[PDB]
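Below, in structure tokens: the form solved without this ligand, a single chain.
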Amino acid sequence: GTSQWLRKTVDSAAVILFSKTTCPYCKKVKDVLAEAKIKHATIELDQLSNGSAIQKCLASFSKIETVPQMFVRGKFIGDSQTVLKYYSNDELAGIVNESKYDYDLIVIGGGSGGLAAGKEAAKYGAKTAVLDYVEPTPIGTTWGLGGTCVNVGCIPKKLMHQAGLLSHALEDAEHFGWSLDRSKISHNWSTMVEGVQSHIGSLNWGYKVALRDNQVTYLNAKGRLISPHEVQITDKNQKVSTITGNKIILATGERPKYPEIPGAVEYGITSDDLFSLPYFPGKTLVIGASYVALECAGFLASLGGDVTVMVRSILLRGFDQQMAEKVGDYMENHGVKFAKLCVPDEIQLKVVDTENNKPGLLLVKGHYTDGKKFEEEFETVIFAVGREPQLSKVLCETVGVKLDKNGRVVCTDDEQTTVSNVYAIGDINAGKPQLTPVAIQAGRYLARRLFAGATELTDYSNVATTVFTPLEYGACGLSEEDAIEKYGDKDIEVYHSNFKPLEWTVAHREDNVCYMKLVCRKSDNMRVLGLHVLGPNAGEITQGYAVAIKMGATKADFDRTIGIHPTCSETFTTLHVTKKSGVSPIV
């Protein structure tokens, strides 16, 4: 038990000191390592109820039972007198750098998860390398260090969402007394892109500085695992070489899919291209119905564009479908057109003019599920029909890492693959929510278990989400249909209400469009199984409730907590209308 943990810790830590906070001999070893700038993990035995037991187990490796004890990569180095001897004789630098491998850790993929894992491991003295490379899109788009979220995801998406939101603030201002005239103001796409891209540039540079300051080696190279400990790297000159590492973390993410039709790759774009596009897209077709599709369509319309969304079946598959329909209804009332139950069959009438900053023109042909035909011209066509990994480029199948039927890595609950020294984190971890804060938490927690003897696992359940459509949708836990499927309609109670933000009153916005509900399990003290809210700032509203749901909140916990007035969020503290009662939810 304790003995099993200690063996695992000693074997995988790079440099680790067993100590006590009250021991001057430990302090003198700490000072020597600090001064030689040797980084290491420290385990303070007097701060663990298990400490006396661990102290005895140490003797199985060192034959001594006292503190301090220093280990390097599984080898007992010495006690106080012995470490200071190596220091005085200038033997200590060569002792702590001695390794069977080039690196204690190689991270393949320099995005949300991989950067977090790499920086946290180097905190504890692991010799670490982070590999990152960006395969260009079909039209040649590329970007800097940091992954999908930073460069072509959460960060630019929310900044352009904010640009769309400011449209409505400009309209609202006249009602609150400001002298501007909204009808005489227009938007400049290229000015917005320049500002967004300048912020992303500071993030790329910030990550390079952070790695250098943690003594992490950054290689801008394409990595391929060719045996359990060997990574083949190809650089920007196509020079090829091999590096070795003790532990391997796979963190290579995903990229957008294209449908298998004529013209798609040649004449359409994806979200990868949109966030740095030099010209306004113009009349735009978005094919797909995921949150990427709806978020992108939504801000394009708020920035004055003519936007159509082509929906194969339903909006936001996998989310609560009542809330998905209210989301789409809001977008349709505020400009966005929808081609429902429709798929494309083929896509060129005019070539893009990059010198004069003008889109081309495309003819899109498709059909509806009843057989009727679709045909219409667009300047830009954006595909948002999902994302997939490409692990055949990352992973020789003879290494023995097991993949599932979607090509994602099958992992134990501590992120281990079927090869004992190889782990996987982030979007390529089969079955996990595909989100940036999940990837960061997995990576940081994993590095602590490998190199600092930590035990805490990542908790993947009830992770909250927000869809940043023009009216935002936040959620935590089960959709209503999923709760009813799992427990039965008789055992589910739903409390709900419409609401109107106070900010919408003087501005003359709509009365009964914002909405919220709690899905509860009757037979478990009315436990809150799922929380759902459509309204402004939905992400800020939802976040704090995710802690309470993590601890098992019930309806009674929401009732006894007092609201903050005036806010949108306070409506959750006084809900009382149930769906079973048939009483209207309007304000």
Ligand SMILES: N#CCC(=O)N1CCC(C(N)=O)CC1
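From 1 onward, residues are counted along the sequence shown. Rigid core: the largest C-alpha set superposing within 1.5 Å between the two forms.
- Averaged as a root mean square over residues and superposed structures in 9 other deposited structures of this protein, CA distances to the shown form are larger in 389-397; the pair compared was 200-208 and 389-397 with a core fit.
- Displacement analysis by core superposition in 9 other deposited structures of this protein ranks 180-188 above the other of 262-270 and 180-188 in root-mean-square C-alpha distance from the shown form.
- According to the entry, the stretch of the deposited sequence that connects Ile347 to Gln348 contains 1 to 3 residues lacking coordinates, which leaves a short gap in the model.
- The deposited model assigns a higher average Cα B-factor to 88-96 than to the other stretch when 88-96 and 278-286 are compared.
- Comparing the deposited coordinates for 425-433 and 239-247, the stretch with the larger average C-alpha B-factor is 239-247.
- Which of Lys158, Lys517, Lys393, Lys500 has the largest Cα B-factor in the deposited entry comes down to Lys393.
- When the C-alpha B-factors of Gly298, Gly206, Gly177, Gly304 are read from the PDB record, the largest value belongs to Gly304.
- Among the modelled residues of its chain, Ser198 has a C-alpha B-factor that falls in the middle third, as given in the PDB entry.
- For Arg527, the recorded CA B-factor ranks within the middle third of the chain. Only modelled residues enter the ranking.
- In the PDB entry, a CA B factor belonging to the middle third of its chain's modelled residues is recorded for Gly366.
- Split the chain's modelled residues into thirds by C-alpha temperature factor. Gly552 is in the middle one.
- Split the chain's modelled residues into thirds by C-alpha temperature factor. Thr561 is in the lowest one.
There is another form of the same protein, the form solved in complex with this ligand; it is not shown, and what comes next is about it.
- Screening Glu135, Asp213, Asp491, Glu485 for any heavy atom within 4.5 Å of this ligand in the deposited bound form leaves a single hit, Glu135.
- The partner is absent here, but in the deposited bound form a heavy atom of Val265, alone among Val265, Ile77, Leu159, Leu203, sits within 4.5 Å of this ligand.
- The closest non-hydrogen atom of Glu260 lies within 4.5 Å of this ligand in the deposited bound form.
- Put simply, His496 is far from this ligand in the deposited bound form: not one heavy atom of it is within 4.5 Å.
- At least one heavy atom of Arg255 is located within 4.5 Å of this ligand in the deposited bound form.
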